[PDB]
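Chains as they are written, first to last, in the entry's author numbering: chain H, 4 to 96, 106 to 132, 138 to 215; chain L, 2 to 214. From the three backbone atoms N, C-alpha and C, an ideal C-beta is built for every residue, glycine too. Working notes for the structure below.
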């Protein structure tokens, strides 16, 4: 935990709660995975915390640390750059994970709600120009899952756009209310767009 | 820095076939190489430590071999629960490095694309934007070719595409193509075409509509 959206140059402290082994007998790691799925080594910490190791990449900006008492691993990022955007994991030492991630996102961009446009078989939805990428689309409050295809959002310029398509039966459509359910947690936005004929 | 070149980037394989994934280090790395597995929406799993030492519990079908520069991770007879990413990482040089990875994908019969063109919603127009959306859905040979035709002439600029991972139910692919023009721009032409070429056919699938019906 400790993730989230941060503006370039910001600072942030990630944590890592261990249980199920002896946190003090192991060397810890911080490893990240960038959106383009590339894996990078961020930092290493000795069993007792006397030795630290970092690539040049984050040298002098990131600071790995731990609490053998409270069983905590820390990553203190400073002077964040756009390139630090990624999922961050921790692992015990060949790194043996146990972290489920925690997404850090460095961007100068401002949170902004989407706009939902109906698309009228196959219907579809158009969520356009929203920023903090987390968005959820379900049809008829999820009761209509199957034949659905939400496409990975692609960043236009400063905002995200994305499409979802449901393929129902033709006997069912205009005679039954079909609905696109968009939810943008990042700005407490929830929109219901009714796909209508003609 | 030691760069690890994995190959190939992706590999289509049927359940039951056996595979060998390569990971070549740009320097005698020695036995210090390791393989990881990553399935969709899950963090990495260490499969093999130090080249041939597989971790307790990992199924027998996985086996790693190598020294110096070429390391291979074989899987004798792939199981459904094996499709995902495979990364190798070394541990004897300075910046601890990783490979870009190999995506193991599940081979299936060629599946024909189901195409749909959707003209801009009136709500969007009232905003002054006109997004023409086209969905190419549930095809298999991932390689598909989409073209846009505005009043018969090819249109490359302003096209945005997006693909999906292999569907965990029918192992097909899907993709959406979006052509974005302004309202003025959009209202200057009549017919809009989304044209798709694929392995499943010699002649392209084409779907179209005219602005004034």
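Within chain L, partners of residue i - CB distance below 9 angstroms
{"i": "residue 169 of chain H", "result": "163, 164, 165 and 166"}
{"i": "residue 223 of chain H", "result": "What the structure shows of chain H is the stretch from 4 to 215, and residue 223 of chain H is not part of that stretch, so it cannot be assessed."}
{"i": "residue 4 of chain H", "result": "Residues of chain L passing the Cβ test: none, with the nearest at roughly 15 angstroms."}
Unbroken beta strand (DSSP E) run spanning residue i, endpoints
{"i": "residue 8 of chain H", "result": "7-9"}
{"i": "residue 212 of chain H", "result": "206-212"}
{"i": "residue 112 of chain H", "result": "First-last for residue 112 of chain H: undefined, no H or E at that position."}
{"i": "residue 75 of chain H", "result": "75-80"}
{"i": "residue 130 of chain H", "result": "127-131"}
{"i": "residue 31 of chain H", "result": "31-36"}
{"i": "residue 192 of chain L", "result": "192-199"}
{"i": "residue 32 of chain L", "result": "No beta strand (DSSP E) holds residue 32 of chain L; DSSP gives it neither H nor E."}
{"i": "residue 161 of chain H", "result": "It is not in any beta strand (DSSP E) - residue 161 of chain H carries neither H nor E in the DSSP assignment."}
{"i": "residue 134 of chain L", "result": "130-140"}
{"i": "residue 67 of chain H", "result": "65-70"}
{"i": "residue 201 of chain H", "result": "195-201"}
{"i": "residue 150 of chain H", "result": "Segment: none, residue 150 of chain H is in no beta strand (DSSP E) and carries neither H nor E."}
{"i": "residue 1 of chain L", "result": "No statement about residue 1 of chain L is possible, as the shown extent of chain L runs from 2 to 214 and does not include it."}
{"i": "residue 1 of chain L", "result": "A question about residue 1 of chain L goes unanswered here, because the residues of chain L that appear run from 2 up to 214."}
{"i": "residue 50 of chain L", "result": "46-50"}
{"i": "residue 1 of chain L", "result": "In the structure as shown, chain L begins at 2 and stops at 214. Residue 1 of chain L is therefore absent and cannot be evaluated."}
With 16 other Cβ atoms within 10 Å as the buried cut-off, status of residue i
{"i": "residue 147 of chain H", "result": "buried"}
{"i": "residue 173 of chain H", "result": "exposed"}
{"i": "residue 116 of chain H", "result": "buried"}
{"i": "residue 241 of chain H", "result": "Not covered by the structure: residue 241 of chain H. The range shown for chain H is 4 to 215."}
{"i": "residue 43 of chain H", "result": "buried"}
{"i": "residue 271 of chain H", "result": "A question about residue 271 of chain H goes unanswered here, because the residues of chain H that appear run from 4 up to 215."}
{"i": "residue 12 of chain H", "result": "exposed"}
{"i": "residue 215 of chain H", "result": "exposed"}
{"i": "residue 4 of chain L", "result": "exposed"}
{"i": "residue 128 of chain H", "result": "buried"}
{"i": "residue 37 of chain L", "result": "buried"}
{"i": "residue 177 of chain H", "result": "buried"}
{"i": "residue 54 of chain H", "result": "exposed"}
{"i": "residue 39 of chain L", "result": "buried"}
{"i": "residue 7 of chain L", "result": "buried"}
{"i": "residue 42 of chain L", "result": "exposed"}
{"i": "residue 90 of chain L", "result": "buried"}
{"i": "residue 45 of chain L", "result": "buried"}
{"i": "residue 25 of chain L", "result": "buried"}
{"i": "residue 95 of chain L", "result": "exposed"}
{"i": "residue 17 of chain L", "result": "exposed"}
{"i": "residue 87 of chain H", "result": "buried"}
{"i": "residue 157 of chain L", "result": "exposed"}
{"i": "residue 55 of chain L", "result": "buried"}
{"i": "residue 197 of chain L", "result": "buried"}
Extent of the continuous alpha helix (DSSP H) run through residue i
{"i": "residue 126 of chain L", "result": "123-126"}
{"i": "residue 177 of chain H", "result": "Careful: residue 177 of chain H lies outside any alpha helix (DSSP H), inside the beta strand (DSSP E) at 177-182."}
{"i": "residue 187 of chain L", "result": "184-187"}
Contacts of residue i in chain L (Cβ-Cβ under 7 angstroms)
{"i": "residue 111 of chain H", "result": "44"}
{"i": "residue 42 of chain H", "result": "88 and 99"}
{"i": "residue 166 of chain H", "result": "138, 165 and 175"}
Nearest candidate by alpha-carbon position, reference residue i, set the options
{"i": "residue 214 of chain L", "options": "L/200, L/198 and L/193", "result": "L/193"}
{"i": "residue 140 of chain L", "options": "L/67, L/102, L/108 and L/119", "result": "L/108"}
{"i": "residue 148 of chain L", "options": "L/162, L/12 and L/142", "result": "L/162"}
{"i": "residue 135 of chain L", "options": "L/10, L/195, L/143 and L/31", "result": "L/195"}
{"i": "residue 160 of chain H", "options": "H/132, H/125 and H/195", "result": "H/195"}
{"i": "residue 68 of chain H", "options": "H/78, H/62 and H/74", "result": "H/78"}
{"i": "residue 52 of chain L", "options": "L/31, L/46 and L/62", "result": "L/31"}
{"i": "residue 1 of chain L", "options": "L/177, L/138, L/153 and L/12", "result": "The question about residue 1 of chain L has no answer, for chain L in this structure spans 2 to 214."}
{"i": "residue 124 of chain L", "options": "H/80, H/211, H/60 and H/96", "result": "H/211"}
{"i": "residue 2 of chain H", "options": "H/149, H/180 and H/170", "result": "In the structure as shown, chain H starts at 4 and stops at 215, and residue 2 of chain H therefore has no counterpart that could be examined."}
{"i": "residue 166 of chain H", "options": "L/175, L/29 and L/171", "result": "L/175"}
{"i": "residue 152 of chain L", "options": "L/210, L/82 and L/13", "result": "L/210"}
{"i": "residue 109 of chain H", "options": "H/23, H/58 and H/158", "result": "H/23"}
{"i": "residue 38 of chain H", "options": "H/158, H/114, H/130 and H/122", "result": "H/114"}
{"i": "residue 15 of chain L", "options": "L/79, L/167, L/100 and L/59", "result": "L/79"}
Under 9 angstroms by beta carbon: chain H residues contacting residue i
{"i": "residue 10 of chain L", "result": "What residue 10 of chain L touches in chain H: nothing, since even the nearest Cβ is about 11 angstroms away."}
{"i": "residue 102 of chain L", "result": "40, 41 and 42"}
Partner residues on chain L for residue i, Cβ-Cβ distance less than 8 angstroms
{"i": "residue 130 of chain H", "result": "122 and 124"}
{"i": "residue 37 of chain H", "result": "Ordered by position in chain L, no residue passes the 8 angstroms Cβ test against residue 37 of chain H, which lies about 11 angstroms from the chain."}
{"i": "residue 180 of chain H", "result": "134, 136, 163, 177 and 179"}
Residues that residue i contacts on chain H, provided the C-beta gap is smaller than 7 angstroms
{"i": "residue 50 of chain L", "result": "106"}
{"i": "residue 114 of chain L", "result": "Chain H residues near residue 114 of chain L: none, gap ~12 angstroms exceeds 7 angstroms."}
Contact set between residue i and chain H, taken where Cβ atoms lie within less than 8 angstroms
{"i": "residue 47 of chain L", "result": "106, 107, 108 and 109"}
Cβ-heavy atom distance, residue i to the ligand SAM, below 6 angstroms
{"i": "residue 11 of chain L", "result": "Inclusion of the ligand SAM in the displayed structure is not the case, the ligand content being empty and no account of it being possible."}
Short-range partners of chain H found in the stretch 118-139 of chain L, where Cβ spacing is below 7 angstroms: Here the close residues are 119, 122, 124, 125, 132, 134, 136 and 138.
Compile a chain-ordered list of the residues in the stretch 175-195 of chain L whose CB is closer than 9 angstroms to at least one CB of chain H. Residues of the stretch 175-195 of chain L with a C-beta less than 9 angstroms from any C-beta of chain H: 175, 176, 177, 179 and 181, listed in chain order.
Check each residue of the stretch 16-42 of chain L: if its Cβ is closer than 7 angstroms to any Cβ of chain H, include it; give the result in chain order. Per Cβ criterion, the list reads 35.
To be precise: take each residue of the stretch 61-82 of chain L, compare its Cβ to all Cβ atoms of chain H, and keep it if any distance is under 8 angstroms. Which residues remain? Listed by position, the residues of the stretch 61-82 of chain L near chain H (Cβ gap below 8 angstroms) amount to none.
Residues from the stretch 54-74 of chain H in contact with chain L, defined by Cβ distance under 7 angstroms: Result list: 58.
Chain L contacts made by the stretch 21-36 of chain H, where a contact means CB separation under 9 angstroms: The residues in question are 32, 34 and 36.
Residues of the stretch 141-158 of chain L whose Cβ lies closer than 8 angstroms to any Cβ of chain H, in chain order: Within the stretch 141-158 of chain L, not one residue has a Cβ closer than 8 angstroms to any Cβ of chain H.
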